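Have a look at entry.txt below; it lists compact mmCIF, N, CA and C atoms.
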```
# COMPACT_ATOMS: atom_id res chain seq x y z
N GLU A 795 172.40 79.83 198.12
CA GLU A 795 171.07 79.69 197.55
C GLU A 795 170.15 80.68 198.22
N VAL A 796 169.62 81.60 197.42
CA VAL A 796 168.76 82.65 197.94
C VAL A 796 167.30 82.26 197.82
N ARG A 797 166.45 82.94 198.59
CA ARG A 797 165.03 83.00 198.30
C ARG A 797 164.67 84.47 198.17
N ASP A 798 163.43 84.75 197.78
CA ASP A 798 163.00 86.12 197.55
C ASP A 798 162.97 86.88 198.86
N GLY A 799 163.47 88.11 198.84
CA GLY A 799 163.58 88.93 200.01
C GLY A 799 164.93 88.88 200.70
N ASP A 800 165.81 87.98 200.28
CA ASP A 800 167.14 87.91 200.86
C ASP A 800 167.96 89.11 200.42
N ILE A 801 169.05 89.38 201.13
CA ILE A 801 169.81 90.60 200.95
C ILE A 801 171.04 90.29 200.12
N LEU A 802 171.23 91.06 199.06
CA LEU A 802 172.32 90.83 198.13
C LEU A 802 173.58 91.58 198.52
N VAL A 803 173.51 92.91 198.52
CA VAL A 803 174.66 93.76 198.80
C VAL A 803 174.29 94.64 199.98
N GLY A 804 175.19 94.75 200.95
CA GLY A 804 174.93 95.61 202.09
C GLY A 804 175.20 97.07 201.77
N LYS A 805 174.13 97.82 201.55
CA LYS A 805 174.21 99.22 201.15
C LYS A 805 173.55 100.08 202.22
N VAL A 806 174.20 101.20 202.54
CA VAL A 806 173.78 102.04 203.65
C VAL A 806 174.24 103.47 203.38
N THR A 807 173.33 104.42 203.59
CA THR A 807 173.54 105.83 203.32
C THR A 807 173.22 106.64 204.56
N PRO A 808 173.82 107.82 204.72
CA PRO A 808 173.46 108.66 205.88
C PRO A 808 172.07 109.26 205.73
N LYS A 809 171.44 109.51 206.88
CA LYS A 809 170.12 110.14 206.89
C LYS A 809 170.22 111.65 206.77
N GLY A 810 170.99 112.27 207.66
CA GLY A 810 170.96 113.70 207.87
C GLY A 810 170.88 114.00 209.35
N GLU A 811 169.94 114.86 209.75
CA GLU A 811 169.68 115.07 211.17
C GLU A 811 168.21 115.42 211.37
N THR A 812 167.39 114.41 211.64
CA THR A 812 165.96 114.63 211.78
C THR A 812 165.53 114.54 213.23
N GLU A 813 164.23 114.61 213.48
CA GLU A 813 163.71 114.39 214.82
C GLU A 813 162.84 113.14 214.81
N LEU A 814 162.55 112.62 215.99
CA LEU A 814 161.74 111.42 216.11
C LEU A 814 160.45 111.75 216.84
N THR A 815 159.52 110.81 216.84
CA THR A 815 158.37 110.92 217.72
C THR A 815 158.88 110.68 219.14
N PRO A 816 158.28 111.31 220.14
CA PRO A 816 158.73 111.08 221.53
C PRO A 816 158.44 109.68 222.02
N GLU A 817 157.44 109.04 221.41
CA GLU A 817 157.03 107.71 221.82
C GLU A 817 158.04 106.66 221.37
N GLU A 818 158.53 106.76 220.14
CA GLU A 818 159.56 105.85 219.66
C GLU A 818 160.89 106.15 220.32
N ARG A 819 161.16 107.42 220.59
CA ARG A 819 162.38 107.81 221.30
C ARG A 819 162.37 107.28 222.72
N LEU A 820 161.19 107.23 223.34
CA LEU A 820 160.99 106.53 224.61
C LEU A 820 161.33 105.05 224.53
N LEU A 821 160.79 104.34 223.54
CA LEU A 821 161.06 102.92 223.32
C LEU A 821 162.52 102.62 223.05
N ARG A 822 163.21 103.52 222.33
CA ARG A 822 164.64 103.37 222.13
C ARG A 822 165.40 103.51 223.43
N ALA A 823 164.88 104.32 224.36
CA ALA A 823 165.46 104.35 225.69
C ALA A 823 165.09 103.10 226.47
N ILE A 824 163.90 102.55 226.21
CA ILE A 824 163.48 101.32 226.87
C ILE A 824 164.33 100.15 226.41
N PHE A 825 164.54 100.04 225.11
CA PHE A 825 165.42 99.02 224.58
C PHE A 825 166.87 99.46 224.53
N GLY A 826 167.17 100.67 225.03
CA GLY A 826 168.53 101.11 225.28
C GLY A 826 169.45 101.21 224.08
N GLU A 827 168.90 101.34 222.88
CA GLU A 827 169.69 101.30 221.65
C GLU A 827 169.26 102.43 220.72
N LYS A 828 170.06 103.49 220.66
CA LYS A 828 169.97 104.38 219.51
C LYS A 828 170.59 103.66 218.31
N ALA A 829 170.02 103.87 217.13
CA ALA A 829 170.55 103.10 216.02
C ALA A 829 171.79 103.78 215.46
N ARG A 830 171.58 104.88 214.72
CA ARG A 830 172.61 105.68 214.06
C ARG A 830 171.87 106.79 213.31
N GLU A 831 172.61 107.71 212.70
CA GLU A 831 172.06 108.76 211.85
C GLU A 831 172.11 108.39 210.37
N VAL A 832 171.92 107.11 210.05
CA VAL A 832 172.06 106.63 208.68
C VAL A 832 170.74 106.03 208.20
N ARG A 833 170.75 105.54 206.97
CA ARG A 833 169.59 104.91 206.35
C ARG A 833 169.88 103.46 205.98
N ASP A 834 168.89 102.61 206.22
CA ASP A 834 169.01 101.17 205.98
C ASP A 834 168.39 100.86 204.62
N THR A 835 169.17 101.09 203.57
CA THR A 835 168.72 100.92 202.19
C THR A 835 169.70 100.03 201.42
N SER A 836 169.49 98.72 201.53
CA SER A 836 170.41 97.74 200.98
C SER A 836 169.81 97.07 199.75
N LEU A 837 170.63 96.28 199.05
CA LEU A 837 170.22 95.60 197.82
C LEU A 837 169.67 94.23 198.17
N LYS A 838 168.45 93.97 197.73
CA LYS A 838 167.78 92.71 197.97
C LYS A 838 167.30 92.11 196.66
N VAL A 839 166.90 90.84 196.73
CA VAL A 839 166.58 90.13 195.49
C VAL A 839 165.12 90.37 195.12
N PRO A 840 164.78 90.51 193.84
CA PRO A 840 163.36 90.53 193.45
C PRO A 840 162.69 89.18 193.61
N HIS A 841 161.40 89.12 193.31
CA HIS A 841 160.58 88.05 193.84
C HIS A 841 160.37 86.93 192.83
N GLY A 842 160.05 85.75 193.34
CA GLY A 842 159.85 84.57 192.53
C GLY A 842 161.14 84.09 191.91
N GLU A 843 162.24 84.31 192.61
CA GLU A 843 163.56 84.12 192.04
C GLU A 843 164.40 83.31 193.01
N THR B 454 149.50 103.75 214.76
CA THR B 454 148.38 104.04 215.65
C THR B 454 148.17 102.90 216.63
N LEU B 455 148.23 101.67 216.14
CA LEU B 455 148.07 100.51 217.00
C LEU B 455 149.26 100.36 217.92
N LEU B 456 150.42 100.82 217.47
CA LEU B 456 151.59 100.96 218.33
C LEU B 456 151.30 101.90 219.49
N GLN B 457 150.71 103.06 219.20
CA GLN B 457 150.32 103.99 220.25
C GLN B 457 149.26 103.38 221.16
N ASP B 458 148.41 102.52 220.59
CA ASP B 458 147.42 101.82 221.39
C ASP B 458 148.08 100.84 222.34
N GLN B 459 149.16 100.20 221.90
CA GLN B 459 149.88 99.30 222.79
C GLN B 459 150.65 100.08 223.84
N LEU B 460 151.08 101.29 223.50
CA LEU B 460 151.61 102.21 224.50
C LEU B 460 150.57 102.54 225.56
N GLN B 461 149.31 102.70 225.15
CA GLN B 461 148.27 102.98 226.12
C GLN B 461 147.99 101.76 226.99
N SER B 462 147.83 100.59 226.37
CA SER B 462 147.42 99.39 227.09
C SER B 462 148.51 98.90 228.03
N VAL B 463 149.78 99.02 227.62
CA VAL B 463 150.86 98.59 228.50
C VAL B 463 151.15 99.66 229.54
N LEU B 464 151.21 100.92 229.10
CA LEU B 464 151.60 102.01 230.00
C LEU B 464 150.55 102.34 231.04
N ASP B 465 149.30 101.97 230.83
CA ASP B 465 148.32 102.25 231.87
C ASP B 465 148.29 101.20 232.96
N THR B 466 149.02 100.10 232.81
CA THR B 466 149.04 99.03 233.80
C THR B 466 150.08 99.25 234.89
N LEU B 467 150.93 100.25 234.76
CA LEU B 467 151.90 100.56 235.80
C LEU B 467 151.28 101.55 236.78
N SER B 468 152.10 102.13 237.65
CA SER B 468 151.58 102.88 238.78
C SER B 468 151.05 104.25 238.34
N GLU B 469 150.37 104.90 239.28
CA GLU B 469 149.78 106.22 239.03
C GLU B 469 150.85 107.28 238.83
N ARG B 470 151.93 107.20 239.60
CA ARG B 470 152.96 108.23 239.55
C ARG B 470 153.80 108.12 238.29
N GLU B 471 154.26 106.90 237.98
CA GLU B 471 155.20 106.68 236.88
C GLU B 471 154.59 107.00 235.53
N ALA B 472 153.27 106.87 235.41
CA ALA B 472 152.56 107.30 234.21
C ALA B 472 152.74 108.79 233.98
N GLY B 473 152.50 109.60 235.02
CA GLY B 473 152.67 111.03 234.89
C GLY B 473 154.12 111.45 234.75
N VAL B 474 155.05 110.70 235.35
CA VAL B 474 156.47 111.04 235.25
C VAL B 474 156.97 110.79 233.83
N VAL B 475 156.57 109.66 233.25
CA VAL B 475 157.02 109.34 231.89
C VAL B 475 156.30 110.21 230.86
N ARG B 476 155.00 110.42 231.04
CA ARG B 476 154.23 111.20 230.07
C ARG B 476 154.62 112.68 230.12
N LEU B 477 154.65 113.25 231.32
CA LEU B 477 155.04 114.66 231.43
C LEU B 477 156.53 114.85 231.18
N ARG B 478 157.33 113.81 231.41
CA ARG B 478 158.76 113.90 231.12
C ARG B 478 159.02 113.87 229.62
N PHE B 479 158.66 112.78 228.96
CA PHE B 479 159.07 112.49 227.59
C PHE B 479 158.31 113.28 226.55
N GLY B 480 157.35 114.11 226.95
CA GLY B 480 156.60 114.86 225.97
C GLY B 480 155.62 113.98 225.22
N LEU B 481 154.72 113.33 225.96
CA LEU B 481 153.80 112.38 225.35
C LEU B 481 152.38 112.92 225.34
N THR B 482 151.91 113.39 226.50
CA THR B 482 150.58 113.98 226.58
C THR B 482 150.57 115.40 226.03
N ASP B 483 151.74 116.02 225.94
CA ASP B 483 151.83 117.40 225.46
C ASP B 483 152.65 117.50 224.18
N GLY B 484 153.75 116.76 224.09
CA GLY B 484 154.59 116.77 222.91
C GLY B 484 155.93 117.46 223.07
N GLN B 485 156.34 117.86 224.27
CA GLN B 485 157.60 118.58 224.44
C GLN B 485 158.44 117.96 225.55
N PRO B 486 159.69 117.60 225.27
CA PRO B 486 160.62 117.20 226.33
C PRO B 486 160.90 118.36 227.28
N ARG B 487 160.94 118.03 228.56
CA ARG B 487 161.03 119.05 229.60
C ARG B 487 162.30 118.85 230.40
N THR B 488 162.64 119.83 231.23
CA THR B 488 163.82 119.72 232.07
C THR B 488 163.52 118.83 233.28
N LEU B 489 164.53 118.69 234.13
CA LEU B 489 164.38 117.87 235.33
C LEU B 489 163.43 118.52 236.32
N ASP B 490 163.57 119.83 236.52
CA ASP B 490 162.86 120.49 237.60
C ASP B 490 161.44 120.86 237.20
N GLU B 491 161.07 120.63 235.94
CA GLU B 491 159.76 121.09 235.48
C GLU B 491 158.65 120.15 235.94
N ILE B 492 158.88 118.84 235.85
CA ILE B 492 157.83 117.89 236.25
C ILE B 492 157.93 117.60 237.73
N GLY B 493 159.08 117.91 238.33
CA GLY B 493 159.20 117.86 239.77
C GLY B 493 158.65 119.13 240.38
N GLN B 494 158.50 120.15 239.54
CA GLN B 494 157.97 121.43 240.00
C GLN B 494 156.48 121.33 240.30
N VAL B 495 155.75 120.57 239.49
CA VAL B 495 154.32 120.37 239.72
C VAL B 495 154.07 119.40 240.86
N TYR B 496 155.03 118.54 241.19
CA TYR B 496 154.88 117.57 242.26
C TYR B 496 155.41 118.09 243.59
N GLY B 497 156.21 119.16 243.57
CA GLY B 497 156.84 119.63 244.78
C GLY B 497 157.91 118.71 245.31
N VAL B 498 158.64 118.02 244.43
CA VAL B 498 159.64 117.05 244.84
C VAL B 498 161.00 117.46 244.28
N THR B 499 162.02 116.65 244.54
CA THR B 499 163.39 116.94 244.15
C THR B 499 163.67 116.31 242.79
N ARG B 500 164.83 116.66 242.21
CA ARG B 500 165.26 116.05 240.95
C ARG B 500 165.67 114.60 241.17
N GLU B 501 166.26 114.32 242.34
CA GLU B 501 166.73 112.98 242.63
C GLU B 501 165.57 112.02 242.88
N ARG B 502 164.49 112.52 243.49
CA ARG B 502 163.27 111.75 243.64
C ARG B 502 162.68 111.35 242.30
N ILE B 503 162.68 112.26 241.33
CA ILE B 503 162.25 111.96 239.97
C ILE B 503 163.20 110.97 239.31
N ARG B 504 164.51 111.11 239.55
CA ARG B 504 165.47 110.29 238.83
C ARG B 504 165.50 108.86 239.37
N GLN B 505 165.19 108.67 240.66
CA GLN B 505 165.20 107.32 241.21
C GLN B 505 163.92 106.57 240.87
N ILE B 506 162.80 107.29 240.82
CA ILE B 506 161.53 106.67 240.44
C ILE B 506 161.52 106.40 238.94
N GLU B 507 162.10 107.31 238.17
CA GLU B 507 162.18 107.12 236.72
C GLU B 507 163.19 106.04 236.35
N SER B 508 164.33 106.01 237.04
CA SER B 508 165.34 105.00 236.75
C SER B 508 164.87 103.62 237.20
N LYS B 509 164.21 103.57 238.35
CA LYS B 509 163.59 102.33 238.81
C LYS B 509 162.44 101.92 237.89
N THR B 510 161.78 102.91 237.28
CA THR B 510 160.78 102.62 236.26
C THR B 510 161.43 102.01 235.03
N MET B 511 162.63 102.50 234.67
CA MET B 511 163.37 101.92 233.56
C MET B 511 163.83 100.50 233.89
N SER B 512 164.02 100.20 235.18
CA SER B 512 164.22 98.81 235.57
C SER B 512 162.92 98.02 235.44
N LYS B 513 161.78 98.67 235.68
CA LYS B 513 160.50 97.97 235.56
C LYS B 513 160.15 97.69 234.11
N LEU B 514 160.63 98.53 233.19
CA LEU B 514 160.27 98.39 231.79
C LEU B 514 161.04 97.25 231.14
N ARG B 515 162.19 96.90 231.69
CA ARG B 515 162.95 95.79 231.14
C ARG B 515 162.53 94.46 231.74
N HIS B 516 161.46 94.45 232.53
CA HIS B 516 160.77 93.21 232.82
C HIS B 516 160.21 92.63 231.53
N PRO B 517 160.52 91.37 231.21
CA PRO B 517 160.37 90.91 229.82
C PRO B 517 158.96 90.54 229.42
N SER B 518 158.02 90.46 230.38
CA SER B 518 156.64 90.14 230.00
C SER B 518 156.03 91.29 229.22
N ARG B 519 156.40 92.51 229.58
CA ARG B 519 156.01 93.66 228.79
C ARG B 519 156.82 93.72 227.50
N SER B 520 158.11 93.37 227.57
CA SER B 520 159.01 93.49 226.43
C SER B 520 158.74 92.47 225.33
N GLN B 521 158.04 91.38 225.65
CA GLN B 521 157.78 90.35 224.66
C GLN B 521 156.83 90.84 223.58
N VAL B 522 155.78 91.56 223.98
CA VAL B 522 154.85 92.10 222.99
C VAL B 522 155.42 93.34 222.31
N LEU B 523 156.50 93.91 222.83
CA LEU B 523 157.02 95.16 222.32
C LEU B 523 158.30 95.00 221.52
N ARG B 524 158.90 93.81 221.52
CA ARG B 524 160.16 93.62 220.81
C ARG B 524 159.98 93.72 219.30
N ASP B 525 158.93 93.10 218.76
CA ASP B 525 158.66 93.20 217.33
C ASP B 525 158.22 94.61 216.94
N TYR B 526 157.74 95.39 217.91
CA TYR B 526 157.33 96.76 217.62
C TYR B 526 158.51 97.70 217.44
N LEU B 527 159.74 97.21 217.56
CA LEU B 527 160.91 97.97 217.16
C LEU B 527 160.92 98.06 215.64
```
Take the structure I supplied and represent it as structure tokens, if you would.
Amino acid sequence: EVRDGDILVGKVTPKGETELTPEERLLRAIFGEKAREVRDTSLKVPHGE
Amino acid sequence: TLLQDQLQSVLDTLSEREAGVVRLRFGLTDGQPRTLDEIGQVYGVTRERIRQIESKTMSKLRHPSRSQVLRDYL
């Protein structure tokens, strides 16, 4: 049983090779987690459904 | 922008040295990542002195009272 905003299909695409702000890159060192070189673009449910 | 403001409010509460080490290191006040000897060059210190104060600073940053307001900012 879903509500609106839930995730339907796990979809993910590569980003490429970009640069970051130094401030967020600092925080990623603070939280010790680089994510990946991909994009978080998955299938989710439309609203009121 | 408010994220950068929280960077200011949290980052100004630590010591005088570590502010300049992190800012001049990570390219924050200027915008460019630098080598090891560049920010130790203005201080007249060694690379290991920078690395122990910076690494101990990274131990200070994982103190969770600071991390609580910053976890959602991921």
Margin query: Env of residue 830 (chain A): 8 Å cut, atoms = only N, CA and C atoms, seq-sep filter 6 positions within chain, self excluded. Answer as a PyMOL selection string.
Written below: chain A and resi 808-810
Next item on the list: May I have the residues at most 6.5 Å from (168.4, 104.8, 202.8) in the file's coordinates, counting only N, CA and C atoms, as JSON, numbers by chain?
Entry: {"A": [806, 807, 808, 832, 833, 834, 835, 836]}
Residues from the last selection, N, CA and C atoms, saved as a PDB file, in the frame of the given file:
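Written out: again.pdb:
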```pdb
ATOM      1  N   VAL A 806     174.200 101.200 202.540  1.00  0.00           N
ATOM      2  CA  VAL A 806     173.780 102.040 203.650  1.00  0.00           C
ATOM      3  C   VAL A 806     174.240 103.470 203.380  1.00  0.00           C
ATOM      4  N   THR A 807     173.330 104.420 203.590  1.00  0.00           N
ATOM      5  CA  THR A 807     173.540 105.830 203.320  1.00  0.00           C
ATOM      6  C   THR A 807     173.220 106.640 204.560  1.00  0.00           C
ATOM      7  N   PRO A 808     173.820 107.820 204.720  1.00  0.00           N
ATOM      8  CA  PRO A 808     173.460 108.660 205.880  1.00  0.00           C
ATOM      9  C   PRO A 808     172.070 109.260 205.730  1.00  0.00           C
ATOM     10  N   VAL A 832     171.920 107.110 210.050  1.00  0.00           N
ATOM     11  CA  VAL A 832     172.060 106.630 208.680  1.00  0.00           C
ATOM     12  C   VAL A 832     170.740 106.030 208.200  1.00  0.00           C
ATOM     13  N   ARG A 833     170.750 105.540 206.970  1.00  0.00           N
ATOM     14  CA  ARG A 833     169.590 104.910 206.350  1.00  0.00           C
ATOM     15  C   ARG A 833     169.880 103.460 205.980  1.00  0.00           C
ATOM     16  N   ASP A 834     168.890 102.610 206.220  1.00  0.00           N
ATOM     17  CA  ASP A 834     169.010 101.170 205.980  1.00  0.00           C
ATOM     18  C   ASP A 834     168.390 100.860 204.620  1.00  0.00           C
ATOM     19  N   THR A 835     169.170 101.090 203.570  1.00  0.00           N
ATOM     20  CA  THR A 835     168.720 100.920 202.190  1.00  0.00           C
ATOM     21  C   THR A 835     169.700 100.030 201.420  1.00  0.00           C
ATOM     22  N   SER A 836     169.490  98.720 201.530  1.00  0.00           N
ATOM     23  CA  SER A 836     170.410  97.740 200.980  1.00  0.00           C
ATOM     24  C   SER A 836     169.810  97.070 199.750  1.00  0.00           C
TER      25      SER A 836
END
```
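Taking CA of residue 811 (chain A) and CA of residue 831 (chain A) as the two end points, the separation is 6.8 Å.
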Next item on the list: Could you jot down the atom N of residue 823 (chain A) to atom N of residue 495 (chain B) separation for me, Å, one decimal place?
Entry: 24.0 Å
Notebook entry, point to check: Which neighbours of residue 824 (chain A) fall inside 8 Å, counting all atoms listed in the file, when residues of the same chain fewer than 4 positions from it are skipped, and could you give them as a list in words?
Noted result: residues 818, 819 and 820 of chain A; 511, 514 and 515 of chain B
Expected file contents, prior selection, N, CA and C atoms, as a compact mmCIF listing (two decimals), in the coordinates of the input:
```
# COMPACT_ATOMS: atom_id res chain seq x y z
N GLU A 818 158.53 106.76 220.14
CA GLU A 818 159.56 105.85 219.66
C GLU A 818 160.89 106.15 220.32
N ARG A 819 161.16 107.42 220.59
CA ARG A 819 162.38 107.81 221.30
C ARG A 819 162.37 107.28 222.72
N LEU A 820 161.19 107.23 223.34
CA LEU A 820 160.99 106.53 224.61
C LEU A 820 161.33 105.05 224.53
N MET B 511 162.63 102.50 234.67
CA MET B 511 163.37 101.92 233.56
C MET B 511 163.83 100.50 233.89
N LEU B 514 160.63 98.53 233.19
CA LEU B 514 160.27 98.39 231.79
C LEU B 514 161.04 97.25 231.14
N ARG B 515 162.19 96.90 231.69
CA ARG B 515 162.95 95.79 231.14
C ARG B 515 162.53 94.46 231.74
```
Next item on the list: Please provide as JSON, numbers by chain all residues within 8 Å of residue 797 (chain A), with the sequence filter that same-chain residues fewer than 3 positions apart are discarded (counting only N, CA and C atoms).
Entry: {"A": [800, 801, 839, 840, 841, 842, 843]}
Notebook entry, point to check: Which of these, B:476, B:501, B:494, B:512, has the shortest distance to residue 464 (chain B) once you count only C-alpha atoms?
Noted result: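 Answer, going by the shortest atom-to-atom distance: B:476.
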Report as a tab-separated table: every residue of chain B with an atom at most 8 Å from chain A, its closest pair of atoms, and their distance in Å to one decimal, counting all atoms listed in the file, with rows sorted by chain and ascending residue number.
```
residue	atom	partner	partner_atom	distance
B:457	CA	A:817	CA	7.8
B:479	C	A:816	CA	5.5
B:480	C	A:816	CA	5.6
B:481	CA	A:816	C	6.3
B:484	C	A:816	CA	7.1
B:485	N	A:816	CA	7.7
B:486	N	A:816	CA	7.6
B:511	CA	A:824	CA	6.7
B:514	C	A:824	CA	6.4
B:515	N	A:824	C	6.6
B:527	CA	A:821	C	7.7
```
Next item on the list: Would you work out the distance separating CA of residue 454 (chain B) from CA of residue 828 (chain A), expressed in Å to one decimal?
Entry: 21.9 Å
Around region 501-515 of chain B, fit a box with edges along x, y and z, padding it by 5 Å on each side, then list its centre and edge lengths in Å to one decimal as AutoDock Vina command-line options.
```
--center_x 163.4 --center_y 104.4 --center_z 237.4 --size_x 16.6 --size_y 29.9 --size_z 22.5
```
Notebook entry, point to check: Contacts of residue 488 (chain B) at 8 Å or less, counting all atoms listed in the file, minus same-chain residues fewer than 3 places along, as an MDAnalysis selection string?
Noted result: chainID B and resid 477:478 485 491:493
Notebook entry, point to check: Could you pull out the alpha helix (DSSP H) residues of chain A from DSSP and send them as a list in words?
Noted result: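 Those residues are residues 816, 817, 818, 819, 820, 821, 822, 823 and 824 of chain A.
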